[PDB]
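Asks:
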Amino acid sequence: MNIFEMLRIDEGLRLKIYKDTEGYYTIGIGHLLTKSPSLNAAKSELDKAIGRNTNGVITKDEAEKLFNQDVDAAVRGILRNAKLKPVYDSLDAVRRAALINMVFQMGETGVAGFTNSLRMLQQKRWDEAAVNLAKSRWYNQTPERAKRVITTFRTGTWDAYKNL
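Per the deposited numbering: the sequence shown ends with 164, consecutive numbering throughout.
#1: Less than 8 Å between the beta carbons of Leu79 and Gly28, yes or no?
#2: I need the boundaries of the alpha helix (DSSP H) containing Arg96, first residue and last residue.
#3: Select from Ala129, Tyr18, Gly30 and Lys135 the residue whose C-alpha is nearest the C-alpha of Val71.
#4: May I ask you to report which of helix, strand or coil DSSP gives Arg14?
#5: Within a Cβ cutoff of 7 Å, which residues of the same chain sit near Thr151, ignoring the five residues on either side of it in sequence?
#6: Among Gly56, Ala146 and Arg119, which has the Cα closest to the Cα of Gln105?
#7: Based on the DSSP output, what are the partners of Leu32 in its beta bridges?
#8: Quick check on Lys135: does DSSP put it in helix, strand or coil?
#9: Assuming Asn68 is part of the alpha helix (DSSP H), what are its boundary residues?
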């Protein structure tokens with residue numbers, strides 16, 4: 001298993017504009033288009049994103065190309081971020097995939113706000129950190145995905161996804 005397969009499991013794949021769990025306009029593999037309520041603003045962002053008149057629909061290939069960029073951007077974001085970089089550097093390869101997953105979902109800023117959890121991860125206090133991460137709107141809003149990510153941090157294995 002790898003970060004790509006992992007995220008593809010967590011976000012799914014949709015070829016037509018859709019609303020995400022928060023109610024925002026998304027397409028492909030969890031690619032947020034706009035926080036705006038206008039389908040029209042969404043379609044416009046979409047065309048800009050893809051470079052063609054999509055009319056709200058894209059191909060598998062287009063979805064994947066957006067996905068590749070988003071993963072790259074997630075990694076680069078962590079590498080550039082002063083709160084995140086040190087945690088990332090401290091982690092083994094599987095747990096690193098777990099932090100990338102959070103960042104892809106909630107953004108750099110968002111994850112950087114989990115101060116206490118970040119410190120615990122850094123110190124390798126797995127159980128403690130799993131308990132702290134669960135005390136969040138994140139866990140409350142998307143408990144199934146949050147549990148898979150948390151398990152990955154707790155165990156350092158891909159067990160939670162081997163199921164799926």
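For each residue, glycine too, the CB sits at the ideal point set by N, CA and C.
Replies: With the given structure in hand:
#1: Numbered from 1 along the sequence shown, position 79 holds the residue referred to as residue 79. Numbered from 1 along the sequence shown, position 28 holds the residue referred to as residue 28. No, the pair does not count as a contact, with Cβ atoms beyond the cut-off.
#2: The residue you call residue 96 lines up with position 96 of the sequence shown. First-last of the alpha helix (DSSP H) with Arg96: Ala93 to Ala112.
#3: Translated into the one-based positions of the sequence shown, residue 71 becomes position 71. It is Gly30 whose Cα lies nearest to the Cα of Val71.
#4: Within the sequence shown, the letter at position 14 stands for residue 14. Residue state, collapsed to three classes: strand.
#5: By 1-based counting over the sequence shown, the position of residue 151 is 151. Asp159 and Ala160, listed in sequence order.
#6: For the purposes of this step, residue 105 is identified with residue 105 of the sequence shown, where counting begins at 1. When only C-alpha atoms are compared, the closest one is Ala146.
#7: Residue numbering aside, residue 32 sits at position 32 when the sequence shown is read from its first letter. Answer is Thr26.
#8: Within the sequence shown, the letter at position 135 stands for residue 135. The DSSP-derived three-state label of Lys135 is coil.
#9: Translated into positions along the sequence shown, residue 68 becomes position 68. Note, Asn68: alpha helix (DSSP H), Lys60 to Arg80.
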